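J.: Before I ask anything, let me first share the structure, which is written out below as structure tokens.
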Amino acid sequence: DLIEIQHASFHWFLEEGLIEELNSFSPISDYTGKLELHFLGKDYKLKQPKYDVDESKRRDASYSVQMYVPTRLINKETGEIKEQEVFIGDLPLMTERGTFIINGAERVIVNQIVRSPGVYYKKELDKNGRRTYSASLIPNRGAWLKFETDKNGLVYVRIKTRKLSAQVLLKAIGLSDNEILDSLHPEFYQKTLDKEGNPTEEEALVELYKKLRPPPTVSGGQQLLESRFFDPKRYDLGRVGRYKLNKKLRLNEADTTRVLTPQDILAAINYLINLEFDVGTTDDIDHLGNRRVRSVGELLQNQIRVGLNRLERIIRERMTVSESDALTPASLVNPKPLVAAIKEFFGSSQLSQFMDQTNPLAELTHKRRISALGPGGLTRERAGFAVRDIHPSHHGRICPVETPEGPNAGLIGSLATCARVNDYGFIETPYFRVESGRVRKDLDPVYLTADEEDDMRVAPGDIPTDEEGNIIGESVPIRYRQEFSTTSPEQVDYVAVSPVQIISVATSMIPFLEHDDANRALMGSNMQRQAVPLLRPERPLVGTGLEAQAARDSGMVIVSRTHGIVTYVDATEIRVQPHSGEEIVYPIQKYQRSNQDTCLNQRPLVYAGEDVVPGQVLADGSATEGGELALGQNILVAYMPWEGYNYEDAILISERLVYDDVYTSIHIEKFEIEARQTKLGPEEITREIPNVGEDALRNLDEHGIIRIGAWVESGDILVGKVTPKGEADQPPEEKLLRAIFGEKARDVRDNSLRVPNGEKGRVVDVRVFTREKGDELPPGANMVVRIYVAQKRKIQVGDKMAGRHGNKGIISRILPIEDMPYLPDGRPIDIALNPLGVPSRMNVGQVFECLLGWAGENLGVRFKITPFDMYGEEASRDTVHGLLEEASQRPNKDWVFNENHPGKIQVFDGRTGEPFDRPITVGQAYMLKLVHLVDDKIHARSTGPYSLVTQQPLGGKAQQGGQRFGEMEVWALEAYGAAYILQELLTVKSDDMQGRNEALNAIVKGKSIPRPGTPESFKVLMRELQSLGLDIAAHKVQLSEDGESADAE
Amino acid sequence: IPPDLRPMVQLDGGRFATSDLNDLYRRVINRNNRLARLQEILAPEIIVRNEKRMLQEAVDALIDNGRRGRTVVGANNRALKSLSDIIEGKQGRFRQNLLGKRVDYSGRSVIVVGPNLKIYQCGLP
Amino acid sequence: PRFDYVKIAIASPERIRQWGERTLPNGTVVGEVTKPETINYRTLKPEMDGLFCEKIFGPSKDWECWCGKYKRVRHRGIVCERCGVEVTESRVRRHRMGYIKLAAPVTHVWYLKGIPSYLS
Amino acid sequence: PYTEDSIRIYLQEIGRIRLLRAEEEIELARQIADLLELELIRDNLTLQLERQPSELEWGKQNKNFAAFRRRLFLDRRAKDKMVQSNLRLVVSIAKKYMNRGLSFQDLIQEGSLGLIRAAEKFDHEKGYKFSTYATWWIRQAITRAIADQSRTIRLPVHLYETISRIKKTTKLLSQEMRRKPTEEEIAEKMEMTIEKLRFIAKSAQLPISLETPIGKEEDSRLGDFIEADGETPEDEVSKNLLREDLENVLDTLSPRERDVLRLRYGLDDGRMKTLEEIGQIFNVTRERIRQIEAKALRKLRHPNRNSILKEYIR
RNA sequence: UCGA
DNA sequence: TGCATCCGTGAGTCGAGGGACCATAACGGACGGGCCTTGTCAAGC
DNA sequence: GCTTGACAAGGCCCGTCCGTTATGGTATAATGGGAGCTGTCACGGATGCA
Ligand SMILES: [Zn+2]
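Top to bottom, those sequences are chains A, B, C and D. FYI, the numbering for the first sequence is 11 to 169, 171 to 195, 197 to 226, 229 to 594, 602 to 890, 892 to 1071, going by the deposited numbering. FYI, the numbering for the second sequence is 252 to 376, going by the deposited numbering. FYI, the numbering for the third sequence is 7 to 126, going by the deposited numbering. FYI, the numbering for the fourth sequence is 67 to 127, 173 to 425, going by the deposited numbering.
Right, dumping it as structure tokens:
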């Protein structure tokens, strides 16, 4: 299973994470001691949800459950036990795909990588001086212990504040002079004991309080130090903090997990002194053995911990004011601070991200992202060069290729294919045991938790092995202590289980990965997660074979579980019968809206009367073919330059891709309107709207709302809504115009929902959610109407297409089939790609892919080639050229392979009919269609809305915004002679309530006027500087007159 | 400041969209009316001294929030926008509204290569 | 208009109150903010003393005062004797500045905590 | 030592003052009660001494005037001692209120205003302690401070009792009706209409800030998506083009007929005039200006020389 | 977060 | 009078997306009748 | 080409009605606050510490 960091994490929270939080919260007491409240956390209910999975997405709700615990309220003096179940909070459940539904939108919880708790030592040179060793005891939650060591044998303890001597903390926790020196070399400790005095057990708590809290008190020094490291519910090492203390310092005690042991502070000082004696290891901060990951089971444990602490303040403020008895325990627990704590984590936190649902490849990748940012991780400004590079401990755990380019280059990683996280939070990799030069591929792997660095010798999965005898190679390259070396095959210990263990699940879909560059393989893995689901997908011919596993783990593929006989198959359900209440129904969704405006259509695959197996595809998804995944189409390609139509990364396609419904996707948009409550009068949805005739009232059913199946275009009316007005401030021009022809204006105003510019399609869902029907509504709303419009988009000029090797491009021309070049059998060419971008970017694998897919086209065999071989030069060139020779041995196909030029044939011109001078490489390429279509990039504005303060035009496609003329754009016009264009762009086009009126009136009348006025943004800055206490004004230097000018008035 | 430079509009749901200048102006007048109340009823001098210290901190947080003391917050845990924090930053009035503006009669689109054309000529939809 | 140079100086307390107090046909001036109230919760109209007051910064709507009875374009340039709001355009609100009279002096934070602390 | 936390500075000046005993609260209350009768005489004498009782001492009725100032200074020091020493009680009460609307600094200053009022109304003859009676006045001045401050569009004091009354009835209906809540059951037990309850829920909404980040980063704010309350220049330009065409059909009429339609609706003057004010500047009485405008509006409705005022109907 |  | 330590100042440009309680008196808008003020209708000077 | 009595329509004006709103009070005793900062790099002053 590829999703185990989400399913096993939420399963741990429902049985171990929720029980541990309620056991530490209980019991609580009052100020006097009259009654006590303790919970029973291990007997909670977790009742049934309210709505369905598909119903919660359209009703704008969350798939959540109610949490109830039994609560026993006892009293100290009077014997009474009050058992009652009290509501705790709303907990959203994880769906079957591993996601959550928050406010009708599907969301994921990205796993965040942080540092592991423990002690870490570091050699630091602050200046050109001696060698200083530092320390840092990091807990899971609480204060930090930073031990430093200066020159001349002075070890200090810093607990944010100023540093202090090591004897001050070591004596205040409770110790003797003989219990320190017996377990310490004590000759180095005499230099820090001379210039520190010699305090007793009570002569150190007073001096500790004088420097931390600057009167000292004998009772104040004990309450300050115990609350930092020794008090419960304020300092936590964690289950993994106790494990890292017993490994580094080699401690004998274990299973403490709550209180910091004072013997552990003595062991951290002893390891720091011995670092000057050239013994001990300096820890690394970028090592994956020191870096942990956490998931939904751990991140939810911190939100209930800060949510129950707010509940502890109200539970102690209600058992003291009410001095009377006979009170119910259900009124002591207020669920309001804990409901708002869970709702803030799932909807308002940064780590809960919007789920990418373009294709099943992006859904599987987004659940396995390893990001180093979040509330407790790193910062965008605090990220440096060392944290973004690849550590040598990332071999097989984190993918070195798949990472987003730009700002987050290296901070957001991806988990590898065979990687696995244990219960402690460390990434593990499987390895096969090698015994005396023989790979023992018979038993289960070892799953080493990054402990193979300083102990084991690990070989990758690329060495030639024999059939159970020995290893063929005499020099095996291995890795030992983060360095590569070639040793004997009898000296190795472990070997990798797969050659795709290093790369992730999205990089493994690229065939011939070893022939492509690592920079273009980064782009090829990112463009595969943006491919739209087509209308009829097609499986690739040069697939790697891992597409079948990624389709079943995405959750959008109906699988069988019963091993039965299929009875009834239609377009909505599949009914089988289980055998060794026997009729289950598998529902099939038809054209459901996704998050990225794509389709989630499922098609039936099986027929009636067929034996099935557990793990068989019953119904494939939208971007999924039969069994395996399918994100694009296999069509003909040719690497030849046309007449400037493929000049700089441009694509020339044919007309055959248009009328054959190739690269044709279905996009479903969703519109929203609401009949709110205006204080002047309630708004309602009517059909008789003013100033709109029969040109737009054709699809309404006398209710103001459109019908199902009506073709809407740009500028129509979906929901006709009116709004009452109470202005009554008519100008004298409109009063004279209305008095002539009559037709007195009504009190309503047309606020109908309309279709935006460049939008069309067919309406498929006109679901209306009103009150008194069984659904909750937001306050200040009478009727909520939701309109879903689906449209069928073909492939056009301006769309961005790409392949699996980073050869992205934008189509500039769609030629007919008689103008495209044609093969010597008469078959035309679909895509005419440019061969100039190939040798400059090292995209060699895309030439191996098309030449192998052309061999699979004439044979019809659908090759499955795994990456990272076999014999050198005999597995990539002679595989392609050897299989192209077999396709040429057919009696009908003799023109496929040539002896002089192997990977080339003769191509004829379509316009003139003459052959070209040189042979051209042809093949069957697998191209994808990305989400960056030409329809979403069109924006234009003449005059629209304006800003609130600066009175400048707004910015945005969805709100009719204007393009920003920034500071780099002024410097280009200032370097030109364009002074009148610069004054026009800053005055009459932005921030002038007077200059915009006269400039617009000049074009309609036909006589332009010069000299625009003062812009509004300068007068805002003039009033802001006067409010800062600065007498700033503008004057005139005219003859015998120095007067201030009034820019505002 | 004039009230249009600290605008108070109402959203569609009924909530008001106030500015951070209104919360910093209200802290000055609430601590100034309390100081005039304590000086009238002959308050103890330990309360008048503490009231004048908070009046000193209210104006300094209004001018430059976080310059001398701690940064005051509101409902959300972000920093409040003072009078000086709207002109010095990258998102201030100088670098986002004076040197660079959003212009009218503008638009954008993706570009494709046009052959069989000339220079000083572009394709416009 | 057209200006030739911009000069910046330290604002005296007689200069800050010059922007605040405005001439009104009455006995006293009303251009001082004394209350922290902005608007009303029942109606969307401001109060007669506050940060959004109409007697200090001007009328909220065009040619309409706060109390009523002056909601026409006929009255231009007069002040209502019942309320005190000048009947003029609504664009005058972004040009008028009030003032807050303090009960204790307060040092400026730019001159004290600045570099190199010109107050010290 | 130098520090920056102003709450730590004020808490150090509180702890430097010794607390009062049980017998010292009775002693200081007698001088405050002696100060109550001293200010009541001055409040009764200021209505007949031209509001200037600086030397008018009715309590004495060089040695008597010096002893009167000694008793006035000693009585004001007793009220100075009772409020200053009981400042630890204000911190213990205001620490349970520093989460709703105000900070911890503003609650101690508002709670100290209730400690002054508790010192004047403290009656030592009843026998109760000072900490029992002053708790009712510190908690009253803190709760009144959240009702009057800590909100931009502030709500009255009686409205906060109405919101707290709905929250007690909704919790009451949750015990009787365990599932399926509604809004009509809450308005029935409150004896109010269904339209008043929508006004309570709208006024109880907290205001949002204009500079809050609406995304996952600090790239955009809330003020970038909010339109201004102003008319677009497309309606202000065509308003000027309406003057060029409305005055075109008026120049073809009579000069007497054009003068009636301009001053009536408010053209070329900025002010609307009635029918009687046009009749007083002319030598012709009523019922002529009405039938002239009835004749002027009749000829403009005919399809003759008025074809440009056809698509102006909005 | 994602494109150049 | 020179050497450490701390604090304040900077760190690319565009576009898309999503997102406590109660009692009592003062204050003010709503409702209703009276009073001119204003628009309209049919003949008659 | 103008003029006069008649018939309602409606805006202010001035009373009261009751919801709304500002203000003061309650008596066992109660007496110093929480919530993060701990992985950025470079330069320029300003203390301060010998
Ligand atoms: Zn008025």
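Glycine included, C-beta positions come from ideal geometry on N, C-alpha and C.
Taking the C-alpha atoms as reference points, what is the distance between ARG354 of chain D and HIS961 of chain A?
T.: Between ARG354 of chain D and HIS961 of chain A, the C-alpha separation is close to 34 Å.
J.: Between the C-alpha atoms of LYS161 of chain A and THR142 of chain A, what's the straight-line distance to the nearest angstrom?
T.: Cα to Cα, the separation comes out at about 7 Å.
J.: Mind checking the segment 943 to 970 of chain A against chain D and listing, in chain order, the residues whose C-beta falls within less than 9 Å of any C-beta there?
T.: Hits within the stretch, in order: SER964, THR965, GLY966, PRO967, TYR968, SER969 and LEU970.
J.: Can you tell which of A:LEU322, A:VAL401, A:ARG434 and A:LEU205 has its C-alpha closest to the C-alpha of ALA423 of chain A?
T.: Out of A:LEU322, A:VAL401, A:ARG434 and A:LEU205, A:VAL401 has the C-alpha closest to the C-alpha of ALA423 of chain A.
J.: Under 6 Å Cβ to Cβ from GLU27 of chain C, same chain only, skipping five residues before and after it: list those, please.
T.: Only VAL35 and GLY37 meet the Cβ criterion.
J.: Closest to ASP298 of chain A by CA distance: which of A:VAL129, A:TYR461, A:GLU267 and A:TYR166 is it?
T.: When each option's Cα is compared against that of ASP298 of chain A, the closest is A:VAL129.
J.: What residues of chain B sit near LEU333 of chain D, judged by a beta carbon separation below 7 Å?
T.: Result: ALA268.
J.: With DSSP run on the structure shown, which of helix, strand or coil describes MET841 of chain A?
T.: Of the three classes helix, strand and coil, the one that applies to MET841 of chain A here is coil, per DSSP.
J.: Between the alpha carbons of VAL320 of chain A and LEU101 of chain A, how many angstroms are there, rounded?
T.: Taking the straight line joining both Cα atoms gives about 15 Å.
J.: Return the bridge partner residues of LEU83 of chain A from the DSSP annotation.
T.: Partner(s): A:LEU47 and A:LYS92.
J.: Ignore the nearest five residues each way along the sequence and tell me which others in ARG425 of chain D's own chain have a CB closer than 7 Å to its CB.
T.: Here the set comprises nothing.
J.: Just by C-beta distance, which residues in the segment 681 to 698 of chain A are closer than 7 Å to chain D?
T.: Those residues of the segment 681 to 698 of chain A that come within reach of chain D (Cβ to Cβ, closer than 7 Å) are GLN698.
J.: Tell me the DSSP secondary structure of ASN359 of chain D in three-state form.
T.: In this structure, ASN359 of chain D counts as helix in the three-state DSSP scheme.
J.: Does the CB of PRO366 of chain D have a neighbour CB from chain A at under 8 Å?
T.: By this cut-off, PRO366 of chain D is not an interface position.
J.: At a cut-off of 7 Å, would you count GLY74 of chain C as near ligand 1, judging by its Cβ distance to the nearest heavy atom?
T.: The answer is yes for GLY74 of chain C.
J.: Please report whether the beta-carbon of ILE45 of chain C lies at a distance below 8 Å from any beta-carbon of chain D.
T.: Output row for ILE45 of chain C: interface = yes.
J.: Who pairs with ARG534 of chain A in a beta bridge, going by DSSP?
T.: Partner(s): none; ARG534 of chain A has no beta bridge.
J.: Quick one: complete beta strand (DSSP E) runs, 3+ long, within the segment 611 to 656 of chain A?
T.: Listed in chain order, they are 638 to 641.
J.: For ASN348 of chain B, go through chain A and note every residue whose CB falls closer than 7 Å to its CB, in chain order.
T.: Near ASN348 of chain B (Cβ distances below 7 Å), the residues of chain A are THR972, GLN974 and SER1039.
J.: Please go through the same chain and pick out, in chain order, the residues whose beta-carbon is closer than 8 Å to the beta-carbon of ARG344 of chain B, but skip the five residues on each side of it.
T.: Closer than 8 Å at the Cβ level, and outside the excluded window around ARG344 of chain B, lie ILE337 and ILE338.
J.: With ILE106 of chain C and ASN283 of chain B assumed to form a contact (beta carbons below 8 Å), what rounded beta-carbon distance in angstroms separates them?
T.: Between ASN283 of chain B and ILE106 of chain C the Cβ distance is about 7 Å, and since that is below 8 Å, they are a contact.
J.: Who pairs with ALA473 of chain A in a beta bridge, going by DSSP?
T.: In the DSSP output, where bridge partners are listed per residue, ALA473 of chain A has A:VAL509.
J.: Using only the alpha-carbon positions, how far apart do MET333 of chain A and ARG382 of chain A sit?
T.: The straight-line gap from Cα to Cα measures roughly 47 Å.
J.: When the Cα of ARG255 of chain D is compared with those of D:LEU185, D:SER223, D:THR243 and D:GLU231, which residue comes out closest?
T.: Considering only alpha carbons, the answer is D:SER223.
J.: Could you check the C-alpha separation between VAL63 of chain A and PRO608 of chain A for me, to the nearest Å?
T.: If you take the alpha carbons of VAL63 of chain A and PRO608 of chain A, they lie about 13 Å apart.
J.: Could you give the DSSP three-state label for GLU105 of chain D: helix, strand or coil?
T.: It is helical.
J.: With 8 Å set as the bound, which would you pick, yes or no: does the beta-carbon of residue 196 of chain A sit closer than that to a beta-carbon of chain C?
T.: This structure gives no coordinates for residue 196 of chain A. The numbering of chain A moves from 195 immediately to 197.
J.: For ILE287 of chain A versus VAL165 of chain A, is the C-beta distance shorter than 8 Å?
T.: Yes, the pair counts as a contact, with Cβ atoms nearer than the cut-off.
J.: Under 8 Å between C-beta atoms, does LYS119 of chain C make it to chain B?
T.: Interface residue, yes.
J.: Determine the direct distance from the alpha carbon of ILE325 of chain D to that of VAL740 of chain A, and round the result to whole angstroms.
T.: About 28 Å.
J.: Quick one: Cα of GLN114 of chain D to Cα of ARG181 of chain D, how far?
T.: Using only the alpha carbons, I get a separation of about 26 Å.
J.: Quick test of your reading: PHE110 of chain A and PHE360 of chain A, contact by CB under 8 Å. State the CB separation rounded to the nearest angstrom.
T.: Indeed they touch by this definition, with Cβ atoms about 6 Å apart.
J.: Hey, out of A:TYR249, A:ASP957 and A:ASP40, whose CA is closest to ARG151 of chain A's CA?
T.: Closest option to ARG151 of chain A, Cα to Cα, is A:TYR249.
J.: At a Cβ cut of 8 Å, what residues of the segment 96 to 107 of chain C count as close to chain B, listed as they run along the chain?
T.: Flagged, chain order: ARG99, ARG100, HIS101, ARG102, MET103 and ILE106.
J.: Would you decide whether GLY255 of chain A is buried or exposed? Buried here means 16 or more other CB atoms lie within 10 Å of its CB.
T.: It counts as buried.
J.: Mind checking who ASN121 of chain A pairs with in its DSSP beta bridge?
T.: DSSP lists A:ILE384 as partners of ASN121 of chain A.
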